[PDB]
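See below for the structure under consideration.
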Amino acid sequence: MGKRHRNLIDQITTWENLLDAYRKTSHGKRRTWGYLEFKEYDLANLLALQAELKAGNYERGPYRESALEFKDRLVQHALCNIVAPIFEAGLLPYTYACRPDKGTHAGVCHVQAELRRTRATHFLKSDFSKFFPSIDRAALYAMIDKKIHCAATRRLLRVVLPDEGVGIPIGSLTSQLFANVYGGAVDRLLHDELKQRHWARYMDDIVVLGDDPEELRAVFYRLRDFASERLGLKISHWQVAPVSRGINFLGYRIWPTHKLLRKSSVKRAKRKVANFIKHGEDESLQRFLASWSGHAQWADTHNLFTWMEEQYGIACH
Amino acid sequence: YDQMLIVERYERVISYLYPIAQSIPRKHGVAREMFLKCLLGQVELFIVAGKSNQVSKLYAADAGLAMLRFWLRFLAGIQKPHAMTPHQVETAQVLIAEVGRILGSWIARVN
Amino acid sequence: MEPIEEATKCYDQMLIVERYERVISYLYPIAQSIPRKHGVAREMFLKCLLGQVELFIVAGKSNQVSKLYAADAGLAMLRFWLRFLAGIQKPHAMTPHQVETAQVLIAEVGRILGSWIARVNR
Amino acid sequence: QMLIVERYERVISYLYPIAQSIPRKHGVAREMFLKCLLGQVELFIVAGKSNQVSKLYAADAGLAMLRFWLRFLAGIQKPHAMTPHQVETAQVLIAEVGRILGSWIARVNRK
Amino acid sequence: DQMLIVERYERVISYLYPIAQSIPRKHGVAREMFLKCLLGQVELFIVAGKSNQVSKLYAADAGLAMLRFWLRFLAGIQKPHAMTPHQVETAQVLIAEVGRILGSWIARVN
Amino acid sequence: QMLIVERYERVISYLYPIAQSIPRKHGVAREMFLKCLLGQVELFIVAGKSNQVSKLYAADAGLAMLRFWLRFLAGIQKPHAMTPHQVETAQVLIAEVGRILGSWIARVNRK
RNA sequence: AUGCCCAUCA
RNA sequence: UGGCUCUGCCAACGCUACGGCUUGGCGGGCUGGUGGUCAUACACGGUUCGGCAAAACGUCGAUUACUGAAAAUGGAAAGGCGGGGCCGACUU
């Protein structure tokens, strides 16, 4: 209702929403123990869930490690059907992560496009050290809270994601959203403060085309000082090169002209994982996974981590 | 108790579902006759179960309840004309779930 | 909340019933398109089609391998019934495309049944 | 056997007229009730021949299901087909064949 | 042997099937069940003869006994009259003949 | 031996057209004949998933019952009877399946 | 978020 | 869904407890979208070019004023700031 939004738990628990949440949570999880044990009495289950949420007695079943039980991924989907579009609407257009009709491509296309027009002569690329494991979960809930205003959605948000820690249990539906919202704070220190207008952020990676490589370096210093003091995230890699390095954005190397993609330790990792599975070595795979989850937490391996969790069930996070 | 309890709770399933299962059109006639044989013939499955004190008979009572839940799913699908509206599936699933609870307690009591 | 737990839960029966439901959801519509005459063939096909779910389900709860083979016999019979309504039903019942579609859908359930038979056999 | 069937003849001779009152609406329940009613004779007979108590308990299950059918036809069937009186008198007849079945169960499980 | 009983039971069927098709639709379930007992006992005999467990030779006897029940039931079923007592008497003679053969066969196996 | 089914499927292909010909008048005979004809495939299938001779004899019993059905449907009265030709020209088909069944029974019996 | 293939609907 | 424990008429495979029934005709009655699978083409992607930025959208003002003890699952706005929006051109 303009800021406000002070009655979301009424719409989160509308039956017709939990059925959408149900159909969304079951998309392709239709061969998981979770769906198949829930599917049995699905609509009697959604009637004990609706009425657990409609009361304020929902309590998240444990994060299996960070996957969730079907009941929970449905609660997360039922949140992130009412709560996501009141956050993903404040997300500045140039945020290209986990929002419909933006994404991998519309970002790389925006960048290439904004590279052709404006004829950028430089660019700042940055990246957040260990982003999800460093999101404040506290100054997050000062953004999940200048927007939710409903004292029951807020308590469901705080069950699905406690207000006490520094680790967004990475890779939920509630966590993709709240990480975009979170990294939307640096978008509103680029676009609002700092007034830079040729950028793209995809979750933790942030391209900032300039013309003055010295301005980009300023922008970066201002971005780091902000994100260190206000969000609590450091910058893993950065550079101020011309568009001759080709912005290494989102798997591509994006010149104004061409747009070479890139190679894939992915393949090494996929093969490593697949081997580990069909070697009975699914316990050193957790060590490897934890390792590659560090080499790829700078990267944007959410989809890939979901994908590898779906091939089997081994929780990457 | 037990067998008496199960079936007075299952009579509510029948009392809800038999009207639904008599509304299924003749077109969906084989499904209906088989659904009615699953619904009204589950009483015999319970009856046999509480006449043996053997858990395999109470597991085939669970199989019958599971098949009945299949029939709900299925009859909510049958796009042809139709039959069970999703609300009826929801309500019946609640009823069958109550029978499920009692069957579970009974399975446990035997265990 | 913790979803309503049925007893004797066999992932394999749940998965296989869920996948067999796609067979039913495909073949049942074209079992109901078989004309007036060829009604007995239809009723027998429908009782084989819709009745294989019970075979799987009882196999899942009463953990006894005989019931898993009875489920295979019912599917093998469903594969026969495909052949039957394909050609022998003289006014065309199933188009050759529909047999190809359903045969794969049945085969996915076939694989799951085979894996389940195997995991029990060990 | 011979005496159980002759006493169940009376159940049928009482209940079969009752099952033919069930209207067109519930014609599909009737067929199932008649197959339970008239088909319990085969259950008795097959146990009379092969005296394995397995066949004898299936006869008991059928009598128990017939008792369920009384409850169902009296009430759950919406134009409560069997009047409470008719259920009462039928249950007397079924009780007589119940007694004989019980004595027969007992005579078989003497040891 | 199965061939003899079945050929003699074919005479039961050939007598009773016309009669069991005349049973009014009012008693239509009873009719379809009687017909399925009548044609259907052939399978009981046939299974008994193409195998041997003696339980199959008792299930054939049970079916003959059930067929005898059906006769007595259909005789005096209600107001839409079915099998008249004469028809029951005639049929009982034929069923008795196949009963005798079944008994001798049960005995020769025993 | 799965040429059994694919030889039997020409019995079906011959007999099903003339089994759907049997008029309503002979509806119970038809339903039972069709369940004998089209349901013999399940008898063979079960036999081939086990190779137990009991299931092989049950397949033989079904072929024998199918032979009965031919002779029964012959003398079923009216211009609605399986013509004598068809009885003979299906007995030939069933005999071919009979031969293979016999060889299969023998293959199993002399392991 | 991506396509391929597939199903149905128009 | 070749139905009906459903009737009327009218015939007969028939059967009759002689009324009928059955069985046959013969009428009426009741009867692109969506899902789902699966894991430097040196030329431009409508990734084009201008104008606009009123509106609506986003954000901030703001869970603020205001109302009502109290915001209590009431509640702005001027304004600023965006372009995500708009309007054409040309192409799609």
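Lettering and numbering for the structure tokens are positional, with chains as A, B, ... in the shown order, residues counted from 1 in each chain, and ligands counted from 1 in the shown order.
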
Contacts of residue 11 (chain E) within 12 Å, only C-alpha atoms (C1' of nucleotides), excl. fewer than 2 positions in-chain, as a PyMOL selection string
(chain E and resi 4-9+13-18+38-39+42+90-98) or (chain F and resi 72+75)

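Least-squares fitting of chain D to chain F, using all C-alpha atoms matched in order, gives an RMSD of 1.3 Å.
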
Task: Within 12 Å of residue 78 (chain H) using only C-alpha atoms (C1' of nucleotides), minus same-chain residues under 2 positions, as an MDAnalysis selection string - done: chainID H and resid 61 65 76 80

Since we have the selection now, will you write its residues out, keeping N, CA, C and O atoms (P, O5', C5', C4', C3', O3' and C1' of nucleotides), as a PDB file, in the first residue's frame?
ATOM      1  P     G H  61      13.591   7.721   4.127  1.00  0.00           P
ATOM      2  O5'   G H  61      12.691   9.040   4.022  1.00  0.00           O
ATOM      3  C5'   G H  61      13.276  10.330   4.158  1.00  0.00           C
ATOM      4  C4'   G H  61      12.323  11.415   3.712  1.00  0.00           C
ATOM      5  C3'   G H  61      10.983  11.493   4.422  1.00  0.00           C
ATOM      6  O3'   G H  61      11.061  12.075   5.713  1.00  0.00           O
ATOM      7  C1'   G H  61      10.635  11.680   2.100  1.00  0.00           C
ATOM      8  P     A H  65       4.399  10.954  12.910  1.00  0.00           P
ATOM      9  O5'   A H  65       3.833  12.258  12.180  1.00  0.00           O
ATOM     10  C5'   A H  65       4.482  13.519  12.324  1.00  0.00           C
ATOM     11  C4'   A H  65       4.040  14.476  11.245  1.00  0.00           C
ATOM     12  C3'   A H  65       2.558  14.819  11.228  1.00  0.00           C
ATOM     13  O3'   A H  65       2.234  15.884  12.105  1.00  0.00           O
ATOM     14  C1'   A H  65       3.249  14.197   9.050  1.00  0.00           C
ATOM     15  P     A H  76      -0.880   5.439   2.246  1.00  0.00           P
ATOM     16  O5'   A H  76       0.447   6.275   2.562  1.00  0.00           O
ATOM     17  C5'   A H  76       0.885   7.306   1.683  1.00  0.00           C
ATOM     18  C4'   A H  76      -0.001   8.522   1.741  1.00  0.00           C
ATOM     19  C3'   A H  76       0.459   9.703   0.917  1.00  0.00           C
ATOM     20  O3'   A H  76       0.164   9.571  -0.460  1.00  0.00           O
ATOM     21  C1'   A H  76      -0.171  10.446   3.063  1.00  0.00           C
ATOM     22  P     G H  80      11.179  18.082  -7.557  1.00  0.00           P
ATOM     23  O5'   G H  80      12.702  17.619  -7.544  1.00  0.00           O
ATOM     24  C5'   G H  80      13.610  18.250  -6.651  1.00  0.00           C
ATOM     25  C4'   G H  80      14.343  17.237  -5.813  1.00  0.00           C
ATOM     26  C3'   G H  80      14.884  16.037  -6.556  1.00  0.00           C
ATOM     27  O3'   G H  80      16.061  16.327  -7.286  1.00  0.00           O
ATOM     28  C1'   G H  80      13.852  15.316  -4.564  1.00  0.00           C
TER      29        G H  80
END

For chain D against chain H, with a cut-off of 10 Å and counting only C-alpha atoms (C1' of nucleotides), what is the closest atom pair and its distance in Å to one decimal for every residue that makes the cut, ordered by chain and number, as JSON lines?
{"residue": "D:19", "atom": "CA", "partner": "H:5", "partner_atom": "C1'", "distance": 9.7}
{"residue": "D:20", "atom": "CA", "partner": "H:5", "partner_atom": "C1'", "distance": 6.7}
{"residue": "D:21", "atom": "CA", "partner": "H:5", "partner_atom": "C1'", "distance": 8.4}
{"residue": "D:22", "atom": "CA", "partner": "H:5", "partner_atom": "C1'", "distance": 8.2}
{"residue": "D:23", "atom": "CA", "partner": "H:5", "partner_atom": "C1'", "distance": 7.3}
{"residue": "D:24", "atom": "CA", "partner": "H:5", "partner_atom": "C1'", "distance": 6.7}
{"residue": "D:27", "atom": "CA", "partner": "H:5", "partner_atom": "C1'", "distance": 7.3}
{"residue": "D:30", "atom": "CA", "partner": "H:5", "partner_atom": "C1'", "distance": 9.1}
{"residue": "D:31", "atom": "CA", "partner": "H:5", "partner_atom": "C1'", "distance": 9.8}

Hey, what's within 8 Å of region 24-39 of chain B if we count only C-alpha atoms (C1' of nucleotides) and toss same-chain stuff fewer than 5 positions away? As a PDB file with C-alpha atoms (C1' of nucleotides), in the first residue's frame, please?
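around-v6.pdb, written as the output of this step:
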ATOM      1  CA  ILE B  14     -17.830 -43.461   2.720  1.00  0.00           C
ATOM      2  CA  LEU B  17     -17.329 -40.171  -0.933  1.00  0.00           C
ATOM      3  CA  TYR B  18     -20.255 -42.438  -1.776  1.00  0.00           C
ATOM      4  CA  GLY B  64      -6.240 -49.790   0.247  1.00  0.00           C
ATOM      5  CA  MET B  67      -5.270 -46.704  -3.450  1.00  0.00           C
ATOM      6  CA  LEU B  68      -8.247 -44.657  -2.265  1.00  0.00           C
ATOM      7  CA  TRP B  71      -8.580 -42.586  -6.737  1.00  0.00           C
ATOM      8  CA  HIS B  82     -15.041 -34.409 -14.410  1.00  0.00           C
ATOM      9  CA  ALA B  83     -16.062 -35.589 -10.920  1.00  0.00           C
TER      10      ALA B  83
ATOM     11  CA  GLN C  32     -12.270 -43.593 -23.199  1.00  0.00           C
ATOM     12  CA  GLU C  43     -13.656 -51.915 -19.668  1.00  0.00           C
ATOM     13  CA  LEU C  46      -9.447 -49.718 -18.091  1.00  0.00           C
ATOM     14  CA  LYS C  47      -9.449 -52.344 -15.361  1.00  0.00           C
ATOM     15  CA  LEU C  50      -6.433 -48.132 -13.570  1.00  0.00           C
TER      16      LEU C  50
ATOM     17  CA  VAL D  28     -24.253 -49.548  -8.609  1.00  0.00           C
ATOM     18  CA  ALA D  29     -24.242 -50.006  -4.819  1.00  0.00           C
ATOM     19  CA  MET D  32     -22.055 -54.653  -5.032  1.00  0.00           C
TER      20      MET D  32
ATOM     21  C1'   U H   1     -19.047 -45.660 -22.493  1.00  0.00           C
ATOM     22  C1'   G H   3     -26.280 -48.705 -20.508  1.00  0.00           C
ATOM     23  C1'   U H  31     -28.844 -41.554 -19.031  1.00  0.00           C
TER      24        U H  31
END

Record the distance separating CA of residue 76 (chain C) and CA of residue 33 (chain A), expressed in Å with one decimal.
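A separation of 26.9 Å between them.
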
_Can you work out which residues from chain E touch chain H at a cut-off of 10 Å (counting only C-alpha atoms (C1' of nucleotides)) and hand them back as a list in words?_
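The complete set of qualifying residues is residues 18, 19, 20, 21, 22, 23, 24, 25, 26, 27, 28, 29, 75, 76, 79, 80, 81, 82, 83, 84, 85, 86 and 87 of chain E.
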
As JSON, numbers by chain, please: the residues near residue 42 (chain D) (cut-off 12 Å, only C-alpha atoms (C1' of nucleotides), same-chain neighbours under 3 positions excluded). {"D": [1, 2, 4, 5, 8, 9, 35, 36, 37, 38, 39, 45, 46, 47, 48, 49, 50, 55, 56, 58, 59, 62], "E": [33, 34, 37, 59, 60, 61, 62, 63, 64, 65, 66, 67, 68, 69, 70]}

task = Write out as a PyMOL selection string the residues lying within 12 Å of residue 11 (chain C), counting only C-alpha atoms (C1' of nucleotides) and excluding same-chain residues fewer than 6 positions away.
result = (chain A and resi 30-38+40) or (chain C and resi 17-18+56-57+59-61+112-113+115-116+119)

Write the residues you've just listed into a file as a PDB file, in the first residue's frame, and include N, CA, C and O atoms for each of them.
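Final file, again.pdb:
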ATOM      1  N   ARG A  30       9.292 -33.757  -8.438  1.00  0.00           N
ATOM      2  CA  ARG A  30       8.270 -34.791  -8.469  1.00  0.00           C
ATOM      3  C   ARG A  30       8.835 -36.203  -8.349  1.00  0.00           C
ATOM      4  O   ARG A  30       8.079 -37.178  -8.475  1.00  0.00           O
ATOM      5  N   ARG A  31      10.140 -36.340  -8.091  1.00  0.00           N
ATOM      6  CA  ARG A  31      10.759 -37.621  -7.782  1.00  0.00           C
ATOM      7  C   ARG A  31      11.577 -37.513  -6.506  1.00  0.00           C
ATOM      8  O   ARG A  31      12.524 -38.280  -6.299  1.00  0.00           O
ATOM      9  N   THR A  32      11.250 -36.562  -5.643  1.00  0.00           N
ATOM     10  CA  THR A  32      11.905 -36.487  -4.349  1.00  0.00           C
ATOM     11  C   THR A  32      10.988 -37.089  -3.301  1.00  0.00           C
ATOM     12  O   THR A  32       9.765 -36.909  -3.355  1.00  0.00           O
ATOM     13  N   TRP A  33      11.585 -37.825  -2.364  1.00  0.00           N
ATOM     14  CA  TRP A  33      10.899 -38.324  -1.180  1.00  0.00           C
ATOM     15  C   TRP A  33       9.916 -37.302  -0.626  1.00  0.00           C
ATOM     16  O   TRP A  33       8.822 -37.648  -0.157  1.00  0.00           O
ATOM     17  N   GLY A  34      10.305 -36.032  -0.714  1.00  0.00           N
ATOM     18  CA  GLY A  34       9.519 -34.958  -0.157  1.00  0.00           C
ATOM     19  C   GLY A  34       8.205 -34.745  -0.862  1.00  0.00           C
ATOM     20  O   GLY A  34       7.150 -34.755  -0.219  1.00  0.00           O
ATOM     21  N   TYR A  35       8.256 -34.543  -2.181  1.00  0.00           N
ATOM     22  CA  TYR A  35       7.018 -34.464  -2.950  1.00  0.00           C
ATOM     23  C   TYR A  35       6.172 -35.718  -2.762  1.00  0.00           C
ATOM     24  O   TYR A  35       4.989 -35.646  -2.412  1.00  0.00           O
ATOM     25  N   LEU A  36       6.777 -36.887  -2.976  1.00  0.00           N
ATOM     26  CA  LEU A  36       6.039 -38.147  -3.015  1.00  0.00           C
ATOM     27  C   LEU A  36       5.447 -38.518  -1.662  1.00  0.00           C
ATOM     28  O   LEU A  36       4.431 -39.223  -1.616  1.00  0.00           O
ATOM     29  N   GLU A  37       6.052 -38.064  -0.557  1.00  0.00           N
ATOM     30  CA  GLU A  37       5.441 -38.312   0.744  1.00  0.00           C
ATOM     31  C   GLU A  37       4.390 -37.263   1.076  1.00  0.00           C
ATOM     32  O   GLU A  37       3.435 -37.552   1.813  1.00  0.00           O
ATOM     33  N   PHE A  38       4.543 -36.057   0.513  1.00  0.00           N
ATOM     34  CA  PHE A  38       3.576 -34.969   0.651  1.00  0.00           C
ATOM     35  C   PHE A  38       2.402 -35.153  -0.301  1.00  0.00           C
ATOM     36  O   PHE A  38       1.248 -34.985   0.098  1.00  0.00           O
ATOM     37  N   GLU A  40       0.807 -37.587  -1.255  1.00  0.00           N
ATOM     38  CA  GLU A  40      -0.203 -38.524  -0.769  1.00  0.00           C
ATOM     39  C   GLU A  40      -1.451 -37.777  -0.320  1.00  0.00           C
ATOM     40  O   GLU A  40      -2.484 -37.812  -1.001  1.00  0.00           O
TER      41      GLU A  40
ATOM     42  N   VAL C  17       4.049 -45.119  -8.687  1.00  0.00           N
ATOM     43  CA  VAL C  17       2.647 -44.747  -8.831  1.00  0.00           C
ATOM     44  C   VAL C  17       2.545 -43.368  -9.452  1.00  0.00           C
ATOM     45  O   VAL C  17       1.756 -43.139 -10.373  1.00  0.00           O
ATOM     46  N   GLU C  18       3.396 -42.448  -9.002  1.00  0.00           N
ATOM     47  CA  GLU C  18       3.411 -41.103  -9.563  1.00  0.00           C
ATOM     48  C   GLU C  18       3.748 -41.119 -11.049  1.00  0.00           C
ATOM     49  O   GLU C  18       3.172 -40.346 -11.828  1.00  0.00           O
ATOM     50  N   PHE C  56       0.871 -51.944  -7.890  1.00  0.00           N
ATOM     51  CA  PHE C  56       2.029 -51.258  -7.332  1.00  0.00           C
ATOM     52  C   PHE C  56       1.828 -50.956  -5.857  1.00  0.00           C
ATOM     53  O   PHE C  56       2.704 -51.226  -5.027  1.00  0.00           O
ATOM     54  N   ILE C  57       0.685 -50.363  -5.518  1.00  0.00           N
ATOM     55  CA  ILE C  57       0.459 -49.889  -4.160  1.00  0.00           C
ATOM     56  C   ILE C  57       0.506 -51.048  -3.170  1.00  0.00           C
ATOM     57  O   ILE C  57       1.167 -50.966  -2.128  1.00  0.00           O
ATOM     58  N   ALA C  59       1.991 -53.832  -3.600  1.00  0.00           N
ATOM     59  CA  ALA C  59       3.382 -54.266  -3.568  1.00  0.00           C
ATOM     60  C   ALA C  59       4.202 -53.399  -2.629  1.00  0.00           C
ATOM     61  O   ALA C  59       5.065 -53.901  -1.900  1.00  0.00           O
ATOM     62  N   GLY C  60       3.948 -52.093  -2.630  1.00  0.00           N
ATOM     63  CA  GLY C  60       4.724 -51.208  -1.780  1.00  0.00           C
ATOM     64  C   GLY C  60       4.473 -51.443  -0.299  1.00  0.00           C
ATOM     65  O   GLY C  60       5.415 -51.479   0.502  1.00  0.00           O
ATOM     66  N   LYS C  61       3.205 -51.619   0.092  1.00  0.00           N
ATOM     67  CA  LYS C  61       2.902 -51.757   1.516  1.00  0.00           C
ATOM     68  C   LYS C  61       3.234 -53.155   2.029  1.00  0.00           C
ATOM     69  O   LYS C  61       4.093 -53.321   2.905  1.00  0.00           O
ATOM     70  N   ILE C 112      11.679 -48.107 -13.335  1.00  0.00           N
ATOM     71  CA  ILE C 112      11.538 -47.934 -11.895  1.00  0.00           C
ATOM     72  C   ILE C 112      11.116 -49.235 -11.237  1.00  0.00           C
ATOM     73  O   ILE C 112      11.597 -49.586 -10.149  1.00  0.00           O
ATOM     74  N   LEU C 113      10.186 -49.955 -11.868  1.00  0.00           N
ATOM     75  CA  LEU C 113       9.804 -51.271 -11.384  1.00  0.00           C
ATOM     76  C   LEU C 113      10.992 -52.221 -11.382  1.00  0.00           C
ATOM     77  O   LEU C 113      11.209 -52.957 -10.411  1.00  0.00           O
ATOM     78  N   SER C 115      14.270 -51.489 -11.250  1.00  0.00           N
ATOM     79  CA  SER C 115      15.176 -51.095 -10.173  1.00  0.00           C
ATOM     80  C   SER C 115      14.643 -51.526  -8.810  1.00  0.00           C
ATOM     81  O   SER C 115      15.403 -51.989  -7.944  1.00  0.00           O
ATOM     82  N   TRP C 116      13.336 -51.367  -8.606  1.00  0.00           N
ATOM     83  CA  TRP C 116      12.695 -51.741  -7.353  1.00  0.00           C
ATOM     84  C   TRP C 116      12.731 -53.250  -7.139  1.00  0.00           C
ATOM     85  O   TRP C 116      13.042 -53.723  -6.037  1.00  0.00           O
ATOM     86  N   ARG C 119      16.400 -53.940  -6.192  1.00  0.00           N
ATOM     87  CA  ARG C 119      16.818 -53.573  -4.843  1.00  0.00           C
ATOM     88  C   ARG C 119      16.202 -54.494  -3.795  1.00  0.00           C
ATOM     89  O   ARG C 119      16.839 -54.791  -2.773  1.00  0.00           O
TER      90      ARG C 119
END

TODO: Could you tell me how far CA of residue 99 (chain F) lies from CA of residue 3 (chain F), in Å and to one decimal?
DONE: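 Between CA of residue 99 (chain F) and CA of residue 3 (chain F) the gap is 12.0 Å.
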
- [ ] Show which residues sit within 12 Å of residue 189 (chain A), as a count of residues only. Count only C-alpha atoms (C1' of nucleotides), and ignore same-chain residues fewer than 5 positions away.
- [x] 21

- Tell me the residues of chain B close to chain D, meaning within 7 Å using only C-alpha atoms, as a list in words. residues 15, 43, 44, 47 and 48 of chain B

How would the residues just picked look written out with C-alpha atoms as a PDB file, in the first residue's frame?
ATOM      1  CA  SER B  15     -20.587 -41.053   3.742  1.00  0.00           C
ATOM      2  CA  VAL B  43     -14.403 -51.981   4.934  1.00  0.00           C
ATOM      3  CA  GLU B  44     -13.722 -55.644   4.168  1.00  0.00           C
ATOM      4  CA  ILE B  47     -12.592 -56.155   8.782  1.00  0.00           C
ATOM      5  CA  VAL B  48     -10.125 -58.854   7.677  1.00  0.00           C
TER       6      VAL B  48
END

Could you pull out all residues of region 1-116 of chain C with a DSSP call of helix (DSSP H, G or I) and give them as a PyMOL selection string? chain C and resi 11-31+39-61+65-88+96-116

Prev. selection, C-alpha atoms, output as a tab-separated table (two decimals), in the first residue's frame:
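Listed below is the output, again29.tsv:
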chain	number	residue	atom	x	y	z
C	11	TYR	CA	9.86	-44.55	-2.08
C	12	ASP	CA	9.77	-46.87	-5.06
C	13	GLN	CA	6.01	-47.46	-4.86
C	14	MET	CA	5.41	-43.71	-4.46
C	15	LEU	CA	7.68	-42.84	-7.38
C	16	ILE	CA	6.28	-45.62	-9.56
C	17	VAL	CA	2.65	-44.75	-8.83
C	18	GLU	CA	3.41	-41.10	-9.56
C	19	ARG	CA	5.03	-42.05	-12.87
C	20	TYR	CA	2.34	-44.60	-13.68
C	21	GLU	CA	-0.19	-41.83	-13.09
C	22	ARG	CA	1.27	-40.23	-16.23
C	23	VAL	CA	0.60	-43.46	-18.16
C	24	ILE	CA	-3.00	-43.39	-16.89
C	25	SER	CA	-3.26	-39.68	-17.61
C	26	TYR	CA	-2.19	-40.44	-21.19
C	27	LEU	CA	-3.82	-43.80	-21.98
C	28	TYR	CA	-7.04	-43.30	-20.00
C	29	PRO	CA	-8.16	-40.47	-22.36
C	30	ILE	CA	-7.63	-42.72	-25.39
C	31	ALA	CA	-9.14	-45.73	-23.59
C	39	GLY	CA	-16.79	-51.38	-24.75
C	40	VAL	CA	-15.86	-54.71	-23.23
C	41	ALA	CA	-12.30	-54.37	-24.55
C	42	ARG	CA	-12.29	-50.86	-23.07
C	43	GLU	CA	-13.66	-51.91	-19.67
C	44	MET	CA	-11.05	-54.69	-19.55
C	45	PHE	CA	-8.32	-52.29	-20.65
C	46	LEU	CA	-9.45	-49.72	-18.09
C	47	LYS	CA	-9.45	-52.34	-15.36
C	48	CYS	CA	-5.91	-53.26	-16.43
C	49	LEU	CA	-4.81	-49.63	-16.69
C	50	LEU	CA	-6.43	-48.13	-13.57
C	51	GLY	CA	-5.90	-51.42	-11.72
C	52	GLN	CA	-2.14	-51.55	-12.08
C	53	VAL	CA	-1.93	-48.72	-9.54
C	54	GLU	CA	-3.39	-51.07	-6.94
C	55	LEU	CA	-0.81	-53.70	-7.95
C	56	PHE	CA	2.03	-51.26	-7.33
C	57	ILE	CA	0.46	-49.89	-4.16
C	58	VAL	CA	-0.16	-53.28	-2.55
C	59	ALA	CA	3.38	-54.27	-3.57
C	60	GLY	CA	4.72	-51.21	-1.78
C	61	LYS	CA	2.90	-51.76	1.52
C	65	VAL	CA	8.23	-59.72	-3.96
C	66	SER	CA	5.37	-61.72	-5.51
C	67	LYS	CA	3.33	-58.52	-5.62
C	68	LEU	CA	6.10	-56.72	-7.52
C	69	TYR	CA	6.06	-59.42	-10.20
C	70	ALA	CA	2.26	-59.20	-10.34
C	71	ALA	CA	2.73	-55.50	-11.03
C	72	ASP	CA	5.10	-56.40	-13.88
C	73	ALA	CA	2.57	-58.92	-15.24
C	74	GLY	CA	-0.05	-56.17	-15.21
C	75	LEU	CA	2.24	-53.77	-17.07
C	76	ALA	CA	3.40	-56.47	-19.50
C	77	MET	CA	-0.34	-56.95	-20.04
C	78	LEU	CA	-0.68	-53.18	-20.46
C	79	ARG	CA	2.02	-53.43	-23.13
C	80	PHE	CA	-0.05	-56.19	-24.74
C	81	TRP	CA	-3.17	-54.01	-24.49
C	82	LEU	CA	-1.30	-51.30	-26.38
C	83	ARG	CA	-0.70	-53.75	-29.22
C	84	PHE	CA	-4.33	-54.83	-28.96
C	85	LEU	CA	-6.03	-51.44	-29.19
C	86	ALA	CA	-3.39	-50.43	-31.75
C	87	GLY	CA	-4.39	-52.89	-34.44
C	88	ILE	CA	-6.84	-55.62	-33.44
C	96	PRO	CA	0.69	-45.37	-33.90
C	97	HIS	CA	1.99	-42.14	-32.37
C	98	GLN	CA	-0.06	-42.79	-29.23
C	99	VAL	CA	1.42	-46.28	-28.87
C	100	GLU	CA	4.91	-44.81	-29.20
C	101	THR	CA	4.19	-42.11	-26.62
C	102	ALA	CA	2.59	-44.52	-24.14
C	103	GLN	CA	5.20	-47.25	-24.67
C	104	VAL	CA	7.91	-44.87	-23.42
C	105	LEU	CA	5.75	-43.65	-20.53
C	106	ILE	CA	5.14	-47.30	-19.62
C	107	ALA	CA	8.86	-47.99	-20.01
C	108	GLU	CA	9.86	-45.24	-17.53
C	109	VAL	CA	7.59	-47.03	-15.06
C	110	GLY	CA	9.21	-50.21	-16.33
C	111	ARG	CA	12.67	-49.01	-15.36
C	112	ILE	CA	11.54	-47.93	-11.90
C	113	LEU	CA	9.80	-51.27	-11.38
C	114	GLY	CA	12.94	-53.09	-12.51
C	115	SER	CA	15.18	-51.10	-10.17
C	116	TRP	CA	12.70	-51.74	-7.35

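Between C1' of residue 63 (chain H) and CA of residue 4 (chain A) there is a distance of 6.3 Å.
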
Pull the strand (DSSP E) assignments for region 205-313 of chain A out of DSSP run on the backbone, and list those residues as a list in words. residues 205, 206, 207, 208, 209, 210, 239, 240, 241, 253, 254, 259 and 260 of chain A

Pull out every residue of chain B that has at least one atom within 8 Å of chain A, counting only C-alpha atoms, and report them as a PyMOL selection string.
chain B and resi 66+69-70+89-91+93-94+97
